[PDB]
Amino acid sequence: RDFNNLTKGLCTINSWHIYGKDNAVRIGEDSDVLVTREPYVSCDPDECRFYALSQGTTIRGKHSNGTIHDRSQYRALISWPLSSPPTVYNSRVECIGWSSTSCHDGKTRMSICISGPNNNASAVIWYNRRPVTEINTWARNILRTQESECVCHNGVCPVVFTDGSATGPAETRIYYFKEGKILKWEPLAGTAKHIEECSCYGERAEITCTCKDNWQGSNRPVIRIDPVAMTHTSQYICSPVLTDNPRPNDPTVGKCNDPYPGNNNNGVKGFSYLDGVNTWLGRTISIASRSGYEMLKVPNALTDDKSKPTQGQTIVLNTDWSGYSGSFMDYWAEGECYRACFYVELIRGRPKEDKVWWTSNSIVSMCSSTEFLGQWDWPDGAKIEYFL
């Protein structure tokens, strides 16, 4: 109809209720489920769907062997109905590639997929299910993007890309697209020293992205974007409640404009909702591996370098595998506020479970409640032994 505008503020997050779970690995043990990774969730005005990077093979198929690898010519961004698994028969291909982002602007959807060899990748921007724009690698080193939904405001949908080293300074750009065409792009500015896989959400005409400093930071970099002025700033979450993984143990004071040191060249895509006292952080429970997952209310996390949790909710037990996590919201829901949501990728197989030769995942996602709901844990649920 008309372009959606971020006119509402976030609803108060007093807890998280279950939104979707596909039990993909369990079900795929005996049905035609595609092997995937790098999932996310994104809504259209009339429907919300699961998204992910297929590996171009079923889990039980012999080609599942080797799916731990990230970039092949057999990957593609696919979407499928909420809480269903990604099967060969219900998965809709949005585009071909090994890194992506996607978002609806109110009128139609923009999907971006990047493909290519390491030194010659290219992004192709699709809008209304047609290819519209293409961007060639600028640093010749794995051009890559969010791996979660982008956000739009009055037709403008900013997307953060990175090209160059993952263990050194790199060339990050914020592109502002409208109807799949480039209106403008900027180099990253601010104090964030390295950006990877941004998780974004919008409220009251501002887009907040919580990303990953793969190079040095265990605290998360944050990019706040003004989609009207088409400008942005960057910093780190000040809080001592560190949210990357692997990471050092929590200090009593964090860092606002530098990476918090202790762990280099590694990290996991994650997210957060930064809204004054209504601030919640997601992180794996383990400081060593992609294990477990919890949500922590850390009032003023972004700006208070001594902020510590005041409430919390466990999502996945530390005795269960987790993985990537990101944000999305249904901007077309009824009500006066935007209900914060997120998904957690539950990785199974390699590298942690090497008795099988594949790597895949299932998805669990939650949204906020203004109630103070009882909590439960949500594991993948599959028995690797069955696959042997």
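The first residue of the shown sequence is 1; numbering continues from there.
Averaged over Cα atoms, the B-factor as recorded in the entry is higher for 251 to 259 than for the other of 118 to 126 and 251 to 259. As the entry records it, the average C-alpha temperature factor is higher for 260 to 268, out of 260 to 268 and 70 to 78. Looking only at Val160, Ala139, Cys103, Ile96, the residue with the top Cα B factor in the deposited structure is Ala139.
Residue set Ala170, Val151, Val132, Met110: peak C-alpha B-factor at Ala170 (per PDB entry). In the deposited entry, the Cα temperature factor of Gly335 sits in the top third of values across the chain's modelled residues.
In the deposited entry, the Cα temperature factor of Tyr273 sits in the bottom third of values across the chain's modelled residues. In this PDB entry, the Cα temperature factor of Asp44 sits in the middle third of its chain's modelled residues. Per-chain ranking of the deposited C-alpha B factor places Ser64 in the middle third. When the CA B factors of the chain's modelled residues are split into thirds, the value for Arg92 lands in the highest one.
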